[PDB]
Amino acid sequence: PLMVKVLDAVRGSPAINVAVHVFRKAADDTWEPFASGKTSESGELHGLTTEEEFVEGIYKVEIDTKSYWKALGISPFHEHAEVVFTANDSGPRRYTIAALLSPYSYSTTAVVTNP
């Protein structure tokens, strides 16, 4: 029920091998590690979680943009891109978090569907 997709606006390509860390806000207001992974050759990251495990909560999807651009030997502006949202509070939904990256800019959108 959670997928992350990342595209590269400089290369005109998927953003491959982008590290993504997902956190969930705990009872004590700390960010607890929830899941992580890397984008594939398609720019997509599938299989982060399950419908059982992806309960209601406030989630943070941290897209490691600096590490991405540095691995390409480019000096970027941002440390990361974060997307923070409440999920599943009206029951289970499916979420795609998409991001488009440039060295000094990024854009994100969500696609939320009810299965």
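The first residue of the shown sequence is 1; numbering continues from there. Take the two forms, superpose them, and find the largest set of C-alpha atoms that agree within 1.5 Å; that set is the rigid core.
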property: Of 67-75 and 45-53, which departs more from this form in 8 other deposited structures of this protein by CA RMS after core fitting; result: 67-75
property: Greater Cα displacement in 8 other deposited structures of this protein once the core is superposed, comparing 81-89 with 34-42; result: 81-89
property: Of 46-54 and 25-33, the stretch whose C-alpha atoms average the higher B-factor in the entry; result: 25-33
property: Higher-scoring stretch by recorded Cα B factor average, 55-63 or 86-94; result: 86-94
property: Position of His78 among the chain's modelled residues by C-alpha B-factor, lowest, middle or highest third; result: lowest
